[PDB]
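Both blocks below hold the same protein chain, though in two forms, and each is given as C-alpha cells: structure 1 and structure 2.
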Structure 1
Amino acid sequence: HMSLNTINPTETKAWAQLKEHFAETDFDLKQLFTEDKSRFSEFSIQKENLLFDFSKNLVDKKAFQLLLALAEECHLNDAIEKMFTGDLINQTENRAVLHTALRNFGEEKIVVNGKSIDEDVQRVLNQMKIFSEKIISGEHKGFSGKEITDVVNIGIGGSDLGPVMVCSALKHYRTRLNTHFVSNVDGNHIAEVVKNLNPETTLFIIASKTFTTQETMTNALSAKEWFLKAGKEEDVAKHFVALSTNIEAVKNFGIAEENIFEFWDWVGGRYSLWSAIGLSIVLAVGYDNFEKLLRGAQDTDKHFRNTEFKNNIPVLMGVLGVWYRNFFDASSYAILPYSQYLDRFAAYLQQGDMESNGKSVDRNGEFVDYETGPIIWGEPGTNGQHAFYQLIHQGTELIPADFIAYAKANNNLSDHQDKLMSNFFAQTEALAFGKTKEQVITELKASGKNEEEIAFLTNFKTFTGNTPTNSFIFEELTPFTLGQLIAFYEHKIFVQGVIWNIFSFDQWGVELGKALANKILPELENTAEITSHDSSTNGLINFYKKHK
C-alpha cells in the first residue's frame, strides 16, 4: 500500500557518506567562522523581508551538500507534489493530506475522489467571513437582544492549540470580541472560563473534527447546561456553532446546520487552524486578518514547493534537524521565540511536530531502528534566558534551537525592542562560540580574585559553546508573517517525515489511552473495590474512590 515512496534513510548512499563525514570531522562553530569570512553569506537565505540564518549550525559545506543529497535521494520532490496534488499519502487511513489546499485561494484545482475541493474550501471561508462580520458588527444578537461580547472556543489538541496560539499571537490585531478557550476535560477549566461570563452575550464554538472526542463533548454539554440556566433550548441555535466534519452528530446537539462550519478528513487536526477550525481566529481578529494569515502560509507554501533545496527554508530546517537528531544524538529541539506574542508557539509546535513524527514504524510497515521525531519545547525570549538557558549554555545536553524575532514591535516602547533584540543576537552568539578558559582567567584577574579563587572558579565560568541555532528575523509580527512562520514548520515536519520514512499525518498512538480510559470510567462510578487491572492501577483507582 504505497503512495509516497518508501526509501529507508539508513540505506541511501547519502546517509552512508554523512555517517562517514560526521565520523571524521570536528564541527567547531568558532573554527568554521574563523576559516571563512563569507560563512554567513553562504549559509543564510534572505527571502524578501525575511532573514533565515543557518550559519550557526554544526555543518560545513560538505555536510550541508550531503544533507541536501539525502533529501534528494529520499525523493523529497516526488513527496512534495504527492502532498500538494492530493495523492493519498496518509496511507494507513487512506486519506489525502491537503491543509495546503486550505490556503491556496483557488489558484490550484485539487481533486479528491474526482471532486475539486476548492469550491468547498472557499464556501466555508466565505461562510466564516459572513458569520463573523455579523458577530463583530453586532447584527447577530443573543437571545435577549444584546450583542455577543464573548466567544468561547471548546475543543482539544488540534481544535484548541492553533486557535489559542494564533489568537494569542495576533492580540495586537484584535476585534472588540473577547475570546476564551476551554479544552481540558477537567471541569475547573470551563468553570473558571465562564465564571464571569454572561450567557446572553456569549457565543460557544464547539470545534471537534470528529465531534466524538470525550473532552470536547463533555465541555460542550457543560457549556449547554450553563447556558440553559438563563436561556431556552430553542436559544441554543443562536449561541452555539460547530466546526466539524460530522454534521449529523453536531445537528443532534441542537446546533443549526447553517452554523456548522465544515472541514474535511484531509485536514489533520494539528494542521486545521487554516480551515473552519480557525473561526475563533476569524472572530478574534476579523476575516481580513485571517486571509492575511492564510496568505502568509501560502507564500511559504509556494516557496517550499518551487525553490531549489539549497535555498528552501523548510527543507534546510528539516535536514538540519535530522543531522542533530540522528548524527549528533540530540533528543530535543528548542523553540525560542523572542516575542511575548509567541507564548503559545512552542506548545503548538509540540503537537504539530511530535504528534506527526513521534512514530517508530516506517511507511513499509517495519519498525525503525533510528531516531525519528524529537522532543519539541521552549518558552519565549527573553523569559527562557531566566528559566532554562543555564542548562543550554552549561549542561550536558546538546540542544539545537530556533531563535525567532521581529525587527519591529507592534507596540514600540522606549528602548524595549533594541534591548529584546540585543538578547536575541547575544544568546545565539554566546551559544555558538562560548567563552574560553583564557577568556575566563582574564575576567577573573580583572575582578581581583586571588589565584586560589581563580583556580576554583575557572571551569564554572567556562562556556564550551558549540550549541547550534537558527535565527529568523521577520520585519514585524502580522497575520501574514505568522502564516509564513507556522507553515515553515509544517513543511519542516513534512520533510523530516519524508526522510525518516514515516507517516506524519496519522496518530494511531492515541488509541490505547482512549480505550483503557473507557474501561476505567464506569469503574470509578460504582462503589466496588476495583481489582481488574495491574496492582498499580488497582491501587491508584481504589485510593481515588476513598478520597473522591
Structure 2
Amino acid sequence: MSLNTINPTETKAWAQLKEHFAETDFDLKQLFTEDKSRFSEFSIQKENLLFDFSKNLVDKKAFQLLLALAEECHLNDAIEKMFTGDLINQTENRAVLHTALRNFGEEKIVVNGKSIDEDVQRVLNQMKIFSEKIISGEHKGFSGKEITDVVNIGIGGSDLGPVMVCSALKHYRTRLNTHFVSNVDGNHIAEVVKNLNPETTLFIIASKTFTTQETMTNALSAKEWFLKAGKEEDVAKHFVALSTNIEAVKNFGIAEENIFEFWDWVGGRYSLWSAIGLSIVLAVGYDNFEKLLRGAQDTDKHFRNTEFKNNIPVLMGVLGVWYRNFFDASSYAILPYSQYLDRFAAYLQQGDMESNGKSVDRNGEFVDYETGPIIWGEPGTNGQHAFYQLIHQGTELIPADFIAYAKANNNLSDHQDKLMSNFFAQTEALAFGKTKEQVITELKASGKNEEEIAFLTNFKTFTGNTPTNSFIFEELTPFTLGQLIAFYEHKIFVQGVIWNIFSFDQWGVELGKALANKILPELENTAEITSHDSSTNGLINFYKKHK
C-alpha cells in the first residue's frame, strides 16, 4: 500500500457524525436567525475571491466533525504522497503528478530515479515556440498560406479540457479559429471540416497510444480529407501529435519534431495542463496558457499548505461527503453564472465521476457505502430557466455550487447586475424558501377567494433547505479559471482519500471496449448474428437490415 487505507465508516468521527445527524435538524432559516455571525464564520475570503459555504446544512459541531473525519483518514499524509510523487495509483503502479505540470520548476520531483521538471519545461517550451510560429503566420501550409483553423482530435481527457478551456477563455483568443472533433460518429468531423480549407487547416491528433480507435478513425478521415488537396509529403506541415508512440506517429506522416510528449503520471482527465493543452496554447497564446497554469499552481499551494478549516478544496470535499453519505443525496449540481463556463459542468463529469465512480476500496474490498455522486449542470441563467423547477419543488435533495464573477469581460448596459441579481436570489430562494403564511398573504393580495387560496397554497410553497456554496471571483481570466479547475481537482482528491478508493485509475472502461471489439467484425459481414444474448442479437440484426 501507498496511501493509507482507512475505512471511513470505521472511524470515530464517522460514528459521531452519524449520531449528530440523527439527533439534529439542520434548518437554514433557523441557523441564520440564531447567529448573525454565520456568514463571517462559514466563509473564506482569499484576495479577490470569496468562497461562502454558510448556506450548507451544517452547524459548528457538524463542521468540526467533518474536519475530524478528514484528519482521521490521514488526509495530510495523502496530500504529501501525491505532491511528492509516491506511487499512489496502486492498481497501475504509477505516480499522480498533474500538480508537477504547473509547478514551474519550483520543486524537483523524482520519478523512476529521474527528476521530471526538465521534461515538463522542455515540452512547455516546445509548445511555446510552435504556437508562436503558427500564430505569427511564419509556419505556412502546403500552398504558402498562413494557418487559420486548428482542429483538435481526441476523446475523453484529450477533448473535454481543451473544449472547456477554449470556450471559457474566448475573450482572450488569438486570430486562430478553433474546432474540436471527438465523436467516432463520422458526422462530427464531416460537419466540422465542411467549411474549412485544407491549405489553411492544422490538425492536432491527441492520443497517448496513437491507437485509440475513435481518435485514429477521425485522424485517418482528416488525412483523407486533406489529401483531396495536399500531397502525402504535405501531411507533416499540417498535422501534429500529442503522443508517446513515436513509430506510429511517424508512420502516419507526422514529423517527429512535432510530437509533444506527456507521461503516465498525467491522467487524461487531469491532462489539459500538459502537452494535451496545445490547442489551448494556440487558441489564446502561450502567455495566457502560462497564466492558466499559474492559477492552478496558486490553488495547489493553497491546498497543500492551508489548515483544513480555511482550505477551500478540503471544505468542498467534506461537505460533499456529508450530503452523499449522511443526507443520501445522489447528485451534486454545478451552476456557473457565466456563459463562458458553458462546458464546465460537462468537464467535471469526467474529472469527478471517472475518478470516484468506484465500488472497491484501497484494500481491494467492495464498499457498502456511497462514493462519487452524479455531477451535472448548465450555466446560469440557462439552467435556471430549464430545470430549477425541480430543484425548488421536486422530491430530490440537490446540493449545488454557484459560481460567479464580479466583472464581465464584455460589459453591456445592465446585463451584469441582472445576471448577478439571479445568482444571489437563487441561493437565497433555495436556502430559505417561502412559507405557507407568506403564500396566503400574496394570494389574498392578488384578489383570490377562499376556495382558490385553499387549492393553490401548497403549489406555491417553497420548503427551502437546499444547500449551496457560492464562489465570487473578481473576473474570469486564465489565472482565475486555473484556480477554479484546480479547486475541483483537489475536492475530488479529498473525497477519494476519505472514501478509501483509487481516484486515478479507470478499470470500468475495459468491458465495453472488449465487447465492442467483438461486435465490430460482426457488423461488417452479411451473416445473421446469434452469438450474443437475444437482445444484442436482435439489435444487431435489425441494424443490418436497415444500415
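In this text, the rigid core denotes the largest set of C-alpha atoms whose superposition between the two forms falls within 1.5 Å. One-based numbering along structure 1's sequence throughout.
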query	finding
Sole member of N423, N77, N246, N466 with a C-alpha shift of at least 2 Å between structures 1 and 2 (core-superposed)	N246
Cα shift between structures 1 and 2 at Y389, which is computed once both forms share a superposed rigid core (Å)	0.3
Value in Å for the CA shift of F211 between structures 1 and 2, taken after the core is superposed	2.1
Cα displacement of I255 between structures 1 and 2, once the rigid core is superposed (Å)	1.0
